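Participant: Sharing a structure with you now.
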Amino acid sequence: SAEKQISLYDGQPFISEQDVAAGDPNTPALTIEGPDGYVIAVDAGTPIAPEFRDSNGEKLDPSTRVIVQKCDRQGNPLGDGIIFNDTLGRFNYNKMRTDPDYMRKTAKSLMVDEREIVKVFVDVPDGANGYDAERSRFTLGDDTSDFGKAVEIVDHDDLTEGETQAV
Amino acid sequence: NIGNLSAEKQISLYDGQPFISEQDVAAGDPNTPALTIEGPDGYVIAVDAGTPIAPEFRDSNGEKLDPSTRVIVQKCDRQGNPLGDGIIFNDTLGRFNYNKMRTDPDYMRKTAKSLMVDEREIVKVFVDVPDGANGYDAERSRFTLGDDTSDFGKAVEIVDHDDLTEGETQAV
Amino acid sequence: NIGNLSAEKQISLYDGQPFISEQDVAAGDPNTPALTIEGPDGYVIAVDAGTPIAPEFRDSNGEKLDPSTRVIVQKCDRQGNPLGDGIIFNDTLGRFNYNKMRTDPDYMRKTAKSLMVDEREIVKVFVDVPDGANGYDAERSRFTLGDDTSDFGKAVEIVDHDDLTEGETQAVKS
Amino acid sequence: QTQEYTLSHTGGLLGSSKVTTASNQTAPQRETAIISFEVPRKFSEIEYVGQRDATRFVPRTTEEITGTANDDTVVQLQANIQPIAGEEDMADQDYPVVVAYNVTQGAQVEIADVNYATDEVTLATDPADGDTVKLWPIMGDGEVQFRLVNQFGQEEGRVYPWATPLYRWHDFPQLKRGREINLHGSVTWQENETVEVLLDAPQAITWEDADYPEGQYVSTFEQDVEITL
Amino acid sequence: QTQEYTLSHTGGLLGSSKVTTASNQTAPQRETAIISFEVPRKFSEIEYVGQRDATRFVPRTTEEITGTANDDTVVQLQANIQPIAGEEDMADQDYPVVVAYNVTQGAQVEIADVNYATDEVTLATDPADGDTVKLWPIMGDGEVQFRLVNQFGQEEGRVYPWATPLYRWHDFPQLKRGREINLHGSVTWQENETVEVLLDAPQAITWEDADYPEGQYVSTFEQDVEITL
Amino acid sequence: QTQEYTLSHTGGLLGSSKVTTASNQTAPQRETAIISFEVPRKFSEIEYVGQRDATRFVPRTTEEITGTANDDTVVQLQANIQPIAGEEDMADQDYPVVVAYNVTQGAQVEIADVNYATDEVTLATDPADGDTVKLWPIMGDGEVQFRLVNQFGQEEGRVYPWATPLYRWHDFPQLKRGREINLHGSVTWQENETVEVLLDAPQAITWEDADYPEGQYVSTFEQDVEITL
């Protein structure tokens with residue numbers, strides 16, 4: 001069918017990234033951005049693999065925080081609509097990538113039209129190591145597995161509710 | 001004796017008020033607002049389609065910054081969050097001719113549209129200095145939004161939230 | 001167990017409280033308020049037609065100021081603005097006989113009329129020292145408004161704004 | 001079968017075992033406890049009713065003052081002093097606001113004059129070098145409240161949330177109908193549902209010193225109640 | 001029988017007896033009074049209407065500056081300076097923002113240049129050691145309001161609760177239709193219902209010094225009114 | 001318009017001004033406060049619901065241990081130690097129960113073995129005479145509760161009267177659905193109706209030392225909430 005089950009990560013074209021310094025929560029380390037004619041969707045709960053390590057390949061301070069956040073056009077943050085306000089010092093990477101219960105689901109569902117941004121703001125408060133991306137990764141889904149969920153992509157061409165989803 | 005007055009009151013905001021805020025700014029840092037207006041509680045303020053500004057933004061050495069500099073007024077809801085749908089006065093800096101524009105109708109520069117500010121809503125003054133220029137200071141700078149003393153210019157319209165039966169409608 | 005209570009509560013105000021404010025005063029400056037009462041948020045207060053006051057206003061050297069001194073309690077809306085429509089307790093100083101007037105029913109000086117104070121409304125205590133007198137200090141001074149412990153005197157009545165449905169009406173009153 | 005009764009800072013209806021006394025925290029001001037009231041073996045319940053029931057509380061502090069060859073006669077105190085019922089005339093205060101006692105000379109130390117709101121005092125006598133004196137001024141500038149315990153330490157809460165000050169306490173003349181105290185509150189507590197008074201103030205408190213002259217008990221708290229037998 | 005008229009900081013319709021001038025409080029900033037307006041013997045009433053009526057107010061301060069053998073030519077001021085109508089070019093300010101006068105040499109002291117927002121000034125001349133000079137810069141960084149009196153001191157309140165600043169006052173060019181001032185407020189006061197202007201600022205004010213060169217009056221306030229005869 | 005969010009021992013939604021951290025009282029055990037949560041400028045309300053909402057709290061203490069020529073390698077602690085989730089195998093504790101750091105050598109101090117319930121530890125390394133070491137074992141043997149404030153200090157009371165222990169806190173493995181914590185309680189607090197956590201224990205607590213290696217923050221508290229915007 002037109003629906004397809006996928007799982008995102010860092011090394012993709014439409015996604016973008018950048019290094020970040022300590023005490024600069026307004027600098028997004030990851031910028032997801034709607035492609036043209038490809039709507040996506042996220043139900044109320046889907047995994048994330050928030051790997052966010054140092055230059056020296058070390059997860060940053062546990063007091064670090066991650067905030068996923070929706071953004072409309074204009075490169076603009078938005079309050080009504082936000083997912084995954086959480087710390088860093090919580091995930092236990094090596095297991096949470098696999099187990100069903102160390103897994104981490106979203107707050108609520110989501111949709112992303114052909115041009116809509118999502119940002120991953122990172123509050124490193126202070127007294128910490130700077131962030132690097134090449135030593136870091138990210139995900140949003142587990143389509144391979146059974147118990148877990150995944151991202152639902154659709155091509156805008158094969159629909160008649162496209163205008164309603166555009167509203 | 002004193003004459004009675006309406007709830008609507010005509011004023012002109014500026015830097016040295018308490019509920020307004022400010023901060024210094026460095027070059028090449030647009031997302032750092034130099035002014036943060038903030039709704040007081042039990043008050044609404046209103047701005048019609050066109051109202052002046054006196055965007056004085058000088059250097060530490062008391063000089064208007066580069067004409068390439070830009071000013072953006074911007075509404076913000078709660079959450080300290082910028083907003084795009086709802087924005088006023090995208091302009092440069094190098095266009096005001098301060099010494100006259102505080103006074104003259106032609107040099108005067110109004111808003112783009114109207115505005116309203118509930119008991120708790122923020123407005124921000126973002127300043128795009130291009131790069132490598134002189135840093136901003138606030139004590140050597142001023143700002144306004146209205147001309148209430150004059151007779152041709154407009155002014156800001158404040159109301160106390162208690163004095164309205166349409167308060168629920170303006171809350172929606 | 002504890003016994004339930006109403007929203008209405010009977011109290012007596014004074015200097016050493018958070019929301020009240022004060023300041024020192026010099027002679028010949030009646031416009032300087034030595035006390036600035038200030039409506040707390042979500043707490044209306046009320047004063048009926050007559051309630052005591054203990055206008056204890058002494059010198060730095062712990063002495064009641066000149067008897068020609070005067071006290072004016074006065075309502076104020078916001079804007080730090082005094083108001084003539086609404087004013088209580090225009091009286092002198094060297095009259096009260098402090099030591100007993102905090103106690104006896106007879107000395108006890110009641111107000112001129114009632115009062116109400118919304119979540120942010122100010123009241124001020126102007127102090128007309130004539131001139132050339134001794135200055136004012138607050139730490140060597142006190143002030144009160146009610147008699148809540150006793151059985152003959154009145155007290156200030158506080159209510160939390162949340163516990164009412166006439167709050168909009170009193171807001172229109174102002 | 002309801003009869004009114006009276007309590008004390010000592011024994012009485014509790015045998016000095018279902019009651020305790022205690023000092024307070026000073027360096028960090030804390031709304032600490034100084035005195036409790038445990039229901040004893042017998043009673044079905046106890047009742048307190050402010051606006052109907054009375055109260056008395058006479059608090060004093062303690063210090064230690066040496067002397068000198070060229071003795072001073074004069075002292076300062078970090079505890080604000082006021083009168084009780086009217087003037088500061090020690091003859092007619094309804095009980096003194098200061099007590100003093102020399103230690104070397106096991107005798108009183110009478111007062112000549114008080115620097116009233118300055119919180120300083122002049123004495124009548126002349127102490128000696130290295131001679132110790134103990135004072136017991138009254139306690140002001142402090143709050144008070146009541147609360148309750150559910151047989152463990154789980155508080156129900158408090159009687160009446162708002163506090164009351166002690167300079168005010170001294171000010172209102174005890175011992176006069178109408179001018180008596182009647183707080184606000186209405187409670188009840190059965191066996192082992194103890195009560196505890198609380199105090200928040202900088203200064204200390206004193207219940208006993210074993211050298212205080214006037215009757216073994218520096219301070220007191222006393223109170224009326226309505227008991228079911 | 002309603003006719004418009006004008007008031008002054010001096011005499012006029014009041015004989016310098018139904019008006020007073022006054023300085024302000026500086027060490028504690030206080031919203032003090034500098035000038036009043038008592039109704040004189042005659043009138044039935046007076047009316048002010050902001051948004052219809054005008055106003056003018058030219059405030060200056062005072063200081064004292066010595067000199068030196070190796071005189072400085074340069075000064076700093078603890079009172080922020082601005083222009084009035086446009087540039088800081090003393091030739092064309094519509095009235096100067098600074099005045100100076102040497103005391104030893106009973107003569108003016110002309111200006112060469114101004115450090116504009118630095119709040120410092122360069123002079124044209126060279127003062128001498130121990131030589132006194134008096135300056136009269138303008139006054140900024142201060143509020144203003146109006147109020148009223150009920151024949152005693154019992155204030156009715158205030159005309160318009162919100163204040164107005166003086167740097168702004170200087171900024172708006174006086175003497176230009178439309179660009180004139182028209183505040184907000186609408187009042188009336190009969191015999192002995194005096195008015196008083198109020199000012200809150202750190203710095204002083206000056207009405208007279210008897211050595212100011214330009215016309216005996218350092219500052220002024222002037223105003224329009226609508227009088228019933 | 002209800003959205004879930006997370007809090008911290010630091011800043012976040014409060015800017016490190018509408019929150020504070022604090023140590024506790026040790027010599028007299030007191031159910032003191034260590035951390036607050038003031039509502040900031042913006043929000044209409046906050047909600048907590050035990051049995052729906054989560055919690056995390058990682059407490060550690062501090063001490064100071066010298067060294068010796070014939071150094072011991074061995075220590076005892078007056079703070080009972082337990083595991084967190086399962087065995088005491090420091091490799092796989094889900095976070096260590098002890099941290100150590102030499103001061104002279106600005107470096108870690110690794111552990112060899114633990115005397116488990118004896119509350120003693122063996123180290124891997126050999127400290128030197130007069131050499132200082134800082135430790136950060138976890139905190140057990142202590143209670144915890146919540147409460148509330150009415151904008152002053154007048155407590156409404158408490159969320160849920162019964163306490164909870166910290167050895168138990170460590171015991172339940174955090175980070176596991178179902179095995180998560182969900183206390184009992186249901187509350188709401190608007191602007192300036194601050195919350196304060198409370199702790200009663202003998203031992204100290206530590207939020208920061210500026211020499212703790214792992215991320216500037218010795219301990220933490222973190223929590224979920226349901227906010228109205």
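So you can find residues: chains in the structure tokens are A, B, ... in the order shown, residues in each start at 1, and ligands are numbered from 1 in order.
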Mind listing as a compact mmCIF listing (two decimals) with N, CA, C and O atoms, in the first residue's frame which residues of chain F are within 10 Å of chain B, counting only C-alpha atoms?

Facilitator:
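Resulting contents of out-v3.txt:
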```
# COMPACT_ATOMS: atom_id res chain seq x y z
N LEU F 13 12.96 24.73 33.29
CA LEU F 13 11.76 25.53 33.19
C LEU F 13 11.69 26.61 34.26
O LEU F 13 10.63 27.21 34.46
N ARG F 41 7.02 32.62 36.08
CA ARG F 41 6.23 33.75 35.63
C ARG F 41 4.96 33.36 34.88
O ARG F 41 3.96 34.07 34.94
N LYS F 42 4.99 32.24 34.17
CA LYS F 42 4.14 32.05 33.01
C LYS F 42 2.92 31.20 33.27
O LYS F 42 1.82 31.53 32.82
N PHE F 43 3.10 30.09 33.97
CA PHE F 43 2.14 29.01 33.90
C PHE F 43 0.86 29.32 34.65
O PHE F 43 0.83 30.09 35.61
N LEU F 229 -0.08 24.12 29.77
CA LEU F 229 0.78 25.02 29.02
C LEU F 229 1.92 25.56 29.87
O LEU F 229 2.68 26.42 29.42
```

Participant: Which chain C residues have any atom within 9 Å of an atom of chain D, and for each, what is the nearest pair of atoms with distance in Å to one decimal, counting only C-alpha atoms, rows sorted by chain and number, as CSV?

Facilitator:
```
residue,atom,partner,partner_atom,distance
C:1,CA,D:188,CA,5.9
C:2,CA,D:187,CA,4.7
C:3,CA,D:186,CA,5.1
C:4,CA,D:186,CA,8.0
C:5,CA,D:185,CA,8.3
C:9,CA,D:184,CA,8.9
C:10,CA,D:184,CA,8.3
C:11,CA,D:162,CA,8.7
C:61,CA,D:118,CA,7.9
C:62,CA,D:117,CA,6.0
C:98,CA,D:86,CA,8.4
C:99,CA,D:86,CA,4.6
C:100,CA,D:86,CA,6.3
C:102,CA,D:172,CA,7.8
C:103,CA,D:172,CA,6.7
C:104,CA,D:179,CA,7.9
C:140,CA,D:117,CA,6.7
C:148,CA,D:183,CA,7.7
C:149,CA,D:182,CA,5.0
C:150,CA,D:179,CA,5.6
C:151,CA,D:178,CA,5.3
C:152,CA,D:178,CA,6.5
C:153,CA,D:178,CA,8.9
```

Participant: When you look at range 38-41 of chain A with a cut-off of 9 Å (counting only C-alpha atoms), what residues show up, excluding the ones that are within fewer than 4 positions of it in the same chain? I need them as a ChimeraX atom specification.

Facilitator: /A:34,109-114,151-157,165

Participant: Given the selection you just returned, output its residues as a file containing C-alpha atoms, formatted as a PDB file, in the first residue's frame.

Facilitator:
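Result file follows (result30.pdb):
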```pdb
ATOM      1  CA  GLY A  34       9.544  17.831   5.356  1.00  0.00           C
ATOM      2  CA  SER A 109       1.124  11.683  17.854  1.00  0.00           C
ATOM      3  CA  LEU A 110       2.367  13.922  15.060  1.00  0.00           C
ATOM      4  CA  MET A 111       2.128  14.742  11.386  1.00  0.00           C
ATOM      5  CA  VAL A 112       4.562  16.566   9.121  1.00  0.00           C
ATOM      6  CA  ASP A 113       3.380  18.158   5.893  1.00  0.00           C
ATOM      7  CA  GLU A 114       5.574  18.682   2.848  1.00  0.00           C
ATOM      8  CA  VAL A 151       7.153   5.932  11.178  1.00  0.00           C
ATOM      9  CA  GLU A 152       4.366   5.912   8.604  1.00  0.00           C
ATOM     10  CA  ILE A 153       5.393   7.621   5.367  1.00  0.00           C
ATOM     11  CA  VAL A 154       3.021   8.364   2.501  1.00  0.00           C
ATOM     12  CA  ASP A 155       3.495   9.992  -0.880  1.00  0.00           C
ATOM     13  CA  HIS A 156       1.152  12.959  -1.179  1.00  0.00           C
ATOM     14  CA  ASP A 157       0.268  12.092  -4.782  1.00  0.00           C
ATOM     15  CA  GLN A 165      -3.968  16.995   5.882  1.00  0.00           C
TER      16      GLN A 165
END
```

Participant: Which residues are close to residue 129 in chain C, i.e. within 7 Å by only C-alpha atoms, leaving aside same-chain residues fewer than 3 positions away? Reply as a ChimeraX atom specification.

Facilitator: /C:27-30,69-70

Participant: Determine which residues of range 23-219 of chain E DSSP labels as strand (DSSP E) from the backbone of this structure, then write them out as an MDAnalysis selection string.

Facilitator: chainID E and resid 32:37 46:49 55:58 74:76 100:102 107:108 111:115 120:123 133:135 145:148 186:189 195:199

Participant: Need the shell around residue 68 in chain E: protein/DNA/RNA residues with any atom at most 10 Å away, counting only C-alpha atoms. Skip same-chain ones fewer than 6 positions apart. Format as a PDB file with C-alpha atoms, in the first residue's frame?

Facilitator:
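So part-v5.pdb came out as:
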```
ATOM      1  CA  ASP E 126      40.603  78.542  29.854  1.00  0.00           C
ATOM      2  CA  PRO E 127      39.590  78.999  33.518  1.00  0.00           C
ATOM      3  CA  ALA E 128      42.086  79.922  36.202  1.00  0.00           C
ATOM      4  CA  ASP E 129      43.269  78.329  39.415  1.00  0.00           C
ATOM      5  CA  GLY E 130      40.680  78.605  42.156  1.00  0.00           C
ATOM      6  CA  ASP E 131      38.317  80.269  39.680  1.00  0.00           C
ATOM      7  CA  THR E 132      34.640  79.452  40.131  1.00  0.00           C
TER       8      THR E 132
END
```

Participant: I'd like the interatomic distance between CA of residue 55 in chain E and CA of residue 145 in chain E, to a tenth of an Å.

Facilitator: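 These two atoms are separated by 12.6 Å.
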
Participant: Near range 105-115 of chain C, counting only C-alpha atoms, which residues have an atom at most 7 Å away, once you skip same-chain residues fewer than 2 positions from it, shown as a ChimeraX atom specification?

Facilitator: /C:46-53,88-89,96,101-103,117

Participant: Nearest to residue 107 in chain B: which of B:153, B:167, B:39, B:33 is it, counting only C-alpha atoms?

Facilitator: B:153

Participant: Do you have the CA of residue 16 in chain B-CA of residue 37 in chain B distance handy?

Facilitator: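 Separation of CA of residue 16 in chain B and CA of residue 37 in chain B: 11.6 Å.
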
Participant: Select from range 15-166 of chain B everything DSSP, run on the backbone, classes as helix (DSSP H, G or I), then give the selection as a VMD selection string.

Facilitator: chain B and resid 98 to 101 161 to 163

Participant: Between CA of residue 82 in chain E and CA of residue 20 in chain E, what is the spacing in Å?

Facilitator: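 Calculated distance between CA of residue 20 in chain E and CA of residue 82 in chain E is 28.3 Å.
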
Participant: Using only C-alpha atoms, determine which residues lie at most 10 Å from residue 70 in chain A, disregarding the query and same-chain residues fewer than 3 positions distant; provide the list as a list in words.

Facilitator: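 Residues near the query, excluding close chain neighbours: residues 32, 67, 76, 77, 78, 79, 80, 81, 82, 83, 110, 111, 112, 116, 117, 118, 119 and 120 of chain A.
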
Participant: Using only C-alpha atoms and a distance of at most 9 Å, pull out the residues of chain C that contact chain B, as a list in words.

Facilitator: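 Result, ordered by chain then number: residues 168, 171, 172 and 174 of chain C.
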
Participant: Compile the residues of chain B that lie within 7 Å of chain A, evaluated using only C-alpha atoms, and express the compilation as a VMD selection string.

Facilitator: chain B and resid 79 81 to 84

Participant: Please save C-alpha atoms of the selected residues as a PDB file, in the first residue's frame.

Facilitator:
```
ATOM      1  CA  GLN B  79       6.270  29.902  26.831  1.00  0.00           C
ATOM      2  CA  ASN B  81       8.226  31.353  22.394  1.00  0.00           C
ATOM      3  CA  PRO B  82       8.582  33.382  19.178  1.00  0.00           C
ATOM      4  CA  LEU B  83       5.713  33.471  16.732  1.00  0.00           C
ATOM      5  CA  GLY B  84       5.592  34.117  13.003  1.00  0.00           C
TER       6      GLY B  84
END
```

Participant: Taking only C-alpha atoms into account, produce a table as JSON lines in which each residue of chain A with an atom at most 10 Å from an atom of chain F appears once, together with its shortest atom pair and the distance in Å to one decimal, ordered by chain and rising number.

Facilitator:
```
{"residue": "A:25", "atom": "CA", "partner": "F:12", "partner_atom": "CA", "distance": 9.7}
{"residue": "A:60", "atom": "CA", "partner": "F:215", "partner_atom": "CA", "distance": 7.9}
{"residue": "A:61", "atom": "CA", "partner": "F:215", "partner_atom": "CA", "distance": 4.9}
{"residue": "A:62", "atom": "CA", "partner": "F:215", "partner_atom": "CA", "distance": 7.0}
{"residue": "A:63", "atom": "CA", "partner": "F:215", "partner_atom": "CA", "distance": 7.5}
{"residue": "A:64", "atom": "CA", "partner": "F:215", "partner_atom": "CA", "distance": 9.2}
{"residue": "A:65", "atom": "CA", "partner": "F:12", "partner_atom": "CA", "distance": 8.5}
{"residue": "A:67", "atom": "CA", "partner": "F:5", "partner_atom": "CA", "distance": 9.8}
{"residue": "A:79", "atom": "CA", "partner": "F:229", "partner_atom": "CA", "distance": 8.1}
{"residue": "A:80", "atom": "CA", "partner": "F:1", "partner_atom": "CA", "distance": 7.7}
{"residue": "A:81", "atom": "CA", "partner": "F:3", "partner_atom": "CA", "distance": 8.7}
{"residue": "A:82", "atom": "CA", "partner": "F:3", "partner_atom": "CA", "distance": 8.2}
{"residue": "A:83", "atom": "CA", "partner": "F:4", "partner_atom": "CA", "distance": 8.9}
{"residue": "A:84", "atom": "CA", "partner": "F:5", "partner_atom": "CA", "distance": 8.1}
{"residue": "A:85", "atom": "CA", "partner": "F:5", "partner_atom": "CA", "distance": 5.8}
{"residue": "A:86", "atom": "CA", "partner": "F:6", "partner_atom": "CA", "distance": 6.2}
{"residue": "A:87", "atom": "CA", "partner": "F:6", "partner_atom": "CA", "distance": 8.0}
{"residue": "A:90", "atom": "CA", "partner": "F:175", "partner_atom": "CA", "distance": 7.3}
{"residue": "A:91", "atom": "CA", "partner": "F:175", "partner_atom": "CA", "distance": 7.7}
{"residue": "A:92", "atom": "CA", "partner": "F:94", "partner_atom": "CA", "distance": 7.9}
{"residue": "A:96", "atom": "CA", "partner": "F:175", "partner_atom": "CA", "distance": 9.5}
{"residue": "A:99", "atom": "CA", "partner": "F:176", "partner_atom": "CA", "distance": 9.9}
{"residue": "A:100", "atom": "CA", "partner": "F:177", "partner_atom": "CA", "distance": 9.1}
{"residue": "A:101", "atom": "CA", "partner": "F:177", "partner_atom": "CA", "distance": 5.6}
{"residue": "A:102", "atom": "CA", "partner": "F:176", "partner_atom": "CA", "distance": 5.9}
{"residue": "A:103", "atom": "CA", "partner": "F:176", "partner_atom": "CA", "distance": 9.0}
{"residue": "A:104", "atom": "CA", "partner": "F:177", "partner_atom": "CA", "distance": 9.8}
{"residue": "A:107", "atom": "CA", "partner": "F:4", "partner_atom": "CA", "distance": 7.3}
{"residue": "A:108", "atom": "CA", "partner": "F:3", "partner_atom": "CA", "distance": 9.1}
{"residue": "A:123", "atom": "CA", "partner": "F:12", "partner_atom": "CA", "distance": 7.9}
{"residue": "A:125", "atom": "CA", "partner": "F:11", "partner_atom": "CA", "distance": 7.9}
{"residue": "A:126", "atom": "CA", "partner": "F:216", "partner_atom": "CA", "distance": 8.4}
{"residue": "A:127", "atom": "CA", "partner": "F:216", "partner_atom": "CA", "distance": 6.6}
{"residue": "A:128", "atom": "CA", "partner": "F:215", "partner_atom": "CA", "distance": 6.7}
{"residue": "A:129", "atom": "CA", "partner": "F:215", "partner_atom": "CA", "distance": 9.2}
```

Participant: Please produce a file of the residues just selected, as a compact mmCIF listing (two decimals), in the first residue's frame, where the atoms kept are C-alpha atoms.

Facilitator:
```txt
# COMPACT_ATOMS: atom_id res chain seq x y z
CA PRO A 25 19.74 25.32 24.34
CA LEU A 60 27.28 13.94 27.91
CA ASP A 61 26.34 14.86 31.45
CA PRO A 62 23.20 13.20 32.84
CA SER A 63 21.86 16.65 33.66
CA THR A 64 21.82 17.26 29.90
CA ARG A 65 18.35 17.47 28.42
CA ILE A 67 13.62 18.53 23.81
CA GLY A 79 4.68 25.47 21.89
CA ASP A 80 1.33 23.93 21.06
CA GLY A 81 2.82 20.72 19.74
CA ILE A 82 5.86 19.28 21.45
CA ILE A 83 7.23 15.79 21.97
CA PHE A 84 9.81 14.18 24.21
CA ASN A 85 10.91 16.54 26.91
CA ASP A 86 13.42 14.35 28.70
CA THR A 87 16.88 14.27 30.20
CA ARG A 90 18.41 8.14 31.60
CA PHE A 91 18.51 5.95 28.53
CA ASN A 92 21.07 3.16 29.12
CA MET A 96 17.35 0.58 25.37
CA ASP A 99 14.59 -4.11 25.04
CA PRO A 100 10.84 -3.35 24.84
CA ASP A 101 10.71 -1.62 28.23
CA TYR A 102 13.90 0.41 28.22
CA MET A 103 12.38 1.62 24.91
CA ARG A 104 10.92 5.16 24.89
CA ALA A 107 4.15 11.94 24.33
CA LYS A 108 1.56 12.22 21.57
CA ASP A 123 20.14 21.86 27.03
CA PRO A 125 23.49 23.65 31.19
CA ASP A 126 27.14 24.37 31.92
CA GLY A 127 30.51 22.98 32.93
CA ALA A 128 30.35 20.25 30.31
CA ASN A 129 31.93 18.99 27.12
```
